[PDB]
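Chemist: I have a structure I would like to understand better, so I am pasting it below and will then ask my questions one at a time.
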Amino acid sequence: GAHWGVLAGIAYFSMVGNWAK
């Protein structure tokens with residue numbers, strides 16, 4: 001299904017994107 005092992009960084013960066021502001 002979802003390859004989080006290689007996409008876990010995407011979810012991490014998405015939060016940093018919301019966090020940065």
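We label chains A, B, ... in the order they appear in the structure tokens, count residues from 1 in each chain, and number ligands from 1 in the order shown.
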Please report, as number ranges by chain, each residue of chain A to which DSSP assigns alpha helix (DSSP H) when run on this structure's backbone.

Modeler: A: 4-20

Chemist: For the residues in the current selection, export N, CA and C atoms as a PDB file, in the first residue's frame.

Modeler:
ATOM      1  N   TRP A   4       5.559   4.079   3.369  1.00  0.00           N
ATOM      2  CA  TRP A   4       5.979   5.036   4.434  1.00  0.00           C
ATOM      3  C   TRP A   4       7.462   4.936   4.755  1.00  0.00           C
ATOM      4  N   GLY A   5       8.048   3.785   4.566  1.00  0.00           N
ATOM      5  CA  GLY A   5       9.493   3.638   4.864  1.00  0.00           C
ATOM      6  C   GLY A   5      10.292   4.697   4.082  1.00  0.00           C
ATOM      7  N   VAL A   6       9.884   4.990   2.865  1.00  0.00           N
ATOM      8  CA  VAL A   6      10.567   6.014   2.005  1.00  0.00           C
ATOM      9  C   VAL A   6       9.760   7.327   1.918  1.00  0.00           C
ATOM     10  N   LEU A   7       8.525   7.303   2.336  1.00  0.00           N
ATOM     11  CA  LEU A   7       7.623   8.498   2.314  1.00  0.00           C
ATOM     12  C   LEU A   7       7.428   9.087   3.723  1.00  0.00           C
ATOM     13  N   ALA A   8       7.984   8.493   4.760  1.00  0.00           N
ATOM     14  CA  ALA A   8       7.834   9.031   6.154  1.00  0.00           C
ATOM     15  C   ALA A   8       8.432  10.444   6.212  1.00  0.00           C
ATOM     16  N   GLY A   9       9.435  10.707   5.397  1.00  0.00           N
ATOM     17  CA  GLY A   9      10.086  12.052   5.353  1.00  0.00           C
ATOM     18  C   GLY A   9       9.080  13.055   4.773  1.00  0.00           C
ATOM     19  N   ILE A  10       8.281  12.634   3.813  1.00  0.00           N
ATOM     20  CA  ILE A  10       7.249  13.517   3.176  1.00  0.00           C
ATOM     21  C   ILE A  10       6.282  13.982   4.274  1.00  0.00           C
ATOM     22  N   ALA A  11       5.764  13.066   5.063  1.00  0.00           N
ATOM     23  CA  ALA A  11       4.822  13.435   6.168  1.00  0.00           C
ATOM     24  C   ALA A  11       5.543  14.354   7.167  1.00  0.00           C
ATOM     25  N   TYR A  12       6.799  14.078   7.448  1.00  0.00           N
ATOM     26  CA  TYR A  12       7.597  14.917   8.401  1.00  0.00           C
ATOM     27  C   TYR A  12       7.737  16.333   7.829  1.00  0.00           C
ATOM     28  N   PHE A  13       8.197  16.419   6.601  1.00  0.00           N
ATOM     29  CA  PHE A  13       8.377  17.741   5.925  1.00  0.00           C
ATOM     30  C   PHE A  13       7.031  18.470   5.813  1.00  0.00           C
ATOM     31  N   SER A  14       5.946  17.765   5.555  1.00  0.00           N
ATOM     32  CA  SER A  14       4.599  18.419   5.445  1.00  0.00           C
ATOM     33  C   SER A  14       4.291  19.162   6.752  1.00  0.00           C
ATOM     34  N   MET A  15       4.584  18.553   7.882  1.00  0.00           N
ATOM     35  CA  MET A  15       4.331  19.212   9.200  1.00  0.00           C
ATOM     36  C   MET A  15       5.300  20.390   9.338  1.00  0.00           C
ATOM     37  N   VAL A  16       6.541  20.249   8.913  1.00  0.00           N
ATOM     38  CA  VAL A  16       7.520  21.384   9.011  1.00  0.00           C
ATOM     39  C   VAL A  16       7.037  22.540   8.124  1.00  0.00           C
ATOM     40  N   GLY A  17       6.360  22.203   7.059  1.00  0.00           N
ATOM     41  CA  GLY A  17       5.800  23.203   6.103  1.00  0.00           C
ATOM     42  C   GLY A  17       4.692  23.953   6.852  1.00  0.00           C
ATOM     43  N   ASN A  18       3.858  23.245   7.587  1.00  0.00           N
ATOM     44  CA  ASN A  18       2.758  23.902   8.365  1.00  0.00           C
ATOM     45  C   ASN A  18       3.395  24.671   9.536  1.00  0.00           C
ATOM     46  N   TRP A  19       4.380  24.074  10.168  1.00  0.00           N
ATOM     47  CA  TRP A  19       5.120  24.663  11.317  1.00  0.00           C
ATOM     48  C   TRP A  19       5.839  25.957  10.908  1.00  0.00           C
ATOM     49  N   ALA A  20       6.570  25.939   9.814  1.00  0.00           N
ATOM     50  CA  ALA A  20       7.317  27.146   9.336  1.00  0.00           C
ATOM     51  C   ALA A  20       6.413  28.385   9.336  1.00  0.00           C
TER      52      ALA A  20
END
